[PDB]
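Okay, so here's just one chain, in structure tokens, the form deposited in one PDB entry.
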């Protein structure tokens, strides 16, 4: 059902890509390292690697992350009460001008979900958005989060072009999941979450890089449940995105979905920019 097209590495004005960003929900940093996730990254050779759901719990990170001379500047954020839940990471070849954490909203900053890395010509934000939960028990909160996240990004974007990436926990449109009819009342595809995504795009403003480039391509997913071998039947959801300021659209070369990369229930996504 899906084969990501070849990497286009020149922007529309012919400028070659100078920045390769990779984002990946690793479903557990160590479990992922064990599944050989780091080798795939070594092959991808991105300049910036953004990781979501690291689930780290101790006073030390895996030694394997010290073997990356190409992604030597590493930033991490895990829950205040760090216990195998959530957690994000941002590893960069070059040193950002500034790395901050959270969105400046206490009640939304206790779960190690956001890292902001400011660069010369843009600000990068990696996020692991709160899942609405089984039985939608956390849907009211998620709407409060969406609202606060949106407003934070709108403010960052007002000072410098923005690139948001990560596992945003929402398949925006019907084309973003294999079973839209059966999930309208499940976390990730509720009207509230879909509205929230559409509202993020409108308010910042932000453009969905992959959909902007492949507006009619179906079956492009970044997550398949481990249950019932959904990855092999390509029964999935597109939950990971690279959202960008409109001002960055002429620098956009390509937004990829590395469907073949194993190591998690999410596959990595990659962005090429000519800055």
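Residue numbers count along the first chain shown, from 1. Only residues modelled in both forms are compared. Definition used throughout: the rigid core is the maximal C-alpha set that superposes within 1.5 Å between two forms.
Quick note: we don't show the form deposited in another entry, though the next part is all about it.
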Can you tell which of 147, 118, 105, 173 moves its Cα by 2 Å or more between the shown form and the other one, with the two forms laid on the rigid core?
105
When the rigid core is used for the superposition, does residue 58 move between the shown form and the other one (threshold: C-alpha shift of 2 Å or more)?
yes
Closer or farther: the C-alpha atoms of residue 108 and residue 243 in that other deposited form, versus the form shown, with a change of 3 angstroms or more?
farther
How does the C-alpha distance between residue 106 and residue 100 change in that other deposited form compared with the present structure, closer or farther, given a change of 3 angstroms or more?
closer
Stretches between the shown form and the other one where the CA atoms of at least 3 consecutive shared residues shift 2 Å or more, core fixed
57-60, 105-110, 157-159
